[PDB]
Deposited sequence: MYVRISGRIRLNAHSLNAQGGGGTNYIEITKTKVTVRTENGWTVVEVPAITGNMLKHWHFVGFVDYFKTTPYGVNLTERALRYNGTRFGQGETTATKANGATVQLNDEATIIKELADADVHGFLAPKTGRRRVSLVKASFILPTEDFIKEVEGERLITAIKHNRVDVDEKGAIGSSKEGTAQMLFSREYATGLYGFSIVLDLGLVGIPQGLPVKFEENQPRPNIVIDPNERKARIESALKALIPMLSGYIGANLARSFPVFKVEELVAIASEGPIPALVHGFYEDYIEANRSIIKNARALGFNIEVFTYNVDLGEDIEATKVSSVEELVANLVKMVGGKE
């Protein structure tokens, strides 16, 4: 229900690149390095989510814009949105918006004219050349190909649930405030997991290694693949969180993690995804 993934990609002969400053343990040196916004990966998750959610019985619960992969959700002065239907949806009430529009549910929205906001359930940090790939430099050249760290977070437990009103009451008794039936909820979650395949495919990108983990509450967070450290760091986080009582499925792709985290080696992203869609 809650998924985090950290790992590394290799670039090749080719995407918005910008400059960031970063460190680089072994003393503290701040170094300006090229980087790629997480929105790259979020955009591609969003295309696949649409492509997978389309084909479900619910695929009509999408903004018309999402069907052309247009992610303007919403304009600064917009008060309505057109459903893939052609129906009009008021942007008044997060419950209504997310009930009708699964792209706003899963990928969030902004409606400043009505004062409504939903943080995206799909998050992606900056993609950054590795602490250890820097250091080997001791320069573009190498950065244009090169080894980049990433990190992704999927808070899928909040699908169908407004963030400004997660629970409703009476008789003085809190209930989760879920505004879509259980099957649409499920279709939306599977689609948000299967969308991981094109989010990570390429289509500039080979996935070299990653660590992924389960649910069912913000669990713990992972260390970003940037750190030379990160695999050992994630080992510690995981065996500590397990020791404390958190229940956590772990999956790995070309990484060891070690002796002995109960883990599950996969041979590909597809296989990871396949494992996740376990519901």
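Chemist: Quickly check which stretches of the deposited sequence aren't in the model, judged by C-alpha, and list them in order.
Modeler: Those stretches are 15-28, 153-184, 250-259, 336-340, listed in order.
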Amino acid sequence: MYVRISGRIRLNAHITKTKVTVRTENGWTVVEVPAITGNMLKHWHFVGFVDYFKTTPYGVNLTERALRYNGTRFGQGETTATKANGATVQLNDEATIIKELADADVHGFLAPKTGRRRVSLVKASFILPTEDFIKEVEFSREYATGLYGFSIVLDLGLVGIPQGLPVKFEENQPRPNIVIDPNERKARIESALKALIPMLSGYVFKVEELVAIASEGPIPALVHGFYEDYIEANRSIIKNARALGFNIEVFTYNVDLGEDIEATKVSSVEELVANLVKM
From here on, numbers count along this sequence of modelled residues.
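Chemist: Would you tell me which stretch averages the higher CA B-factor in the PDB entry, 39-47 or 22-30?
Modeler: Mean CA B-factor is higher for 22-30.
Chemist: Select between 148-156 and 182-190 the stretch whose C-alpha atoms have the higher average B-factor in the entry.
Modeler: Looking at the recorded C-alpha B-factors, 182-190 comes out higher on average.
Chemist: Specify which of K123, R141, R118, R73 carries the largest Cα B factor in the deposited PDB entry.
Modeler: By C-alpha B-factor in the record, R141 ranks first.
Chemist: Going by the deposited entry, which of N172, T82, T130, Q90 has the highest CA temperature factor?
Modeler: Highest C-alpha B-factor among the listed residues goes to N172.
Chemist: Lowest, middle or highest third: where is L276 by Cα B-factor in its chain?
Modeler: Middle third - that is where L276 ends up once the chain's C-alpha B-factors are sorted.
Chemist: What third of the chain, by the recorded C-alpha B-factor, contains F246?
Modeler: Ranked within chain, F246 CA B lands in the highest tercile.
Chemist: Taking the C-alpha B-factors as the PDB entry records them, is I219 in the lowest, middle or highest third of its chain?
Modeler: For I219, the deposited C-alpha B-factor lands in the highest third.
Chemist: Lowest, middle or highest third of the chain for the C-alpha temperature factor of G225?
Modeler: Bottom third by C-alpha B-factor.
Chemist: Ranked by Cα temperature factor within the chain, is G202 in the lowest third, the middle third or the highest third?
Modeler: Highest third, going by the recorded CA B-factors of the chain.
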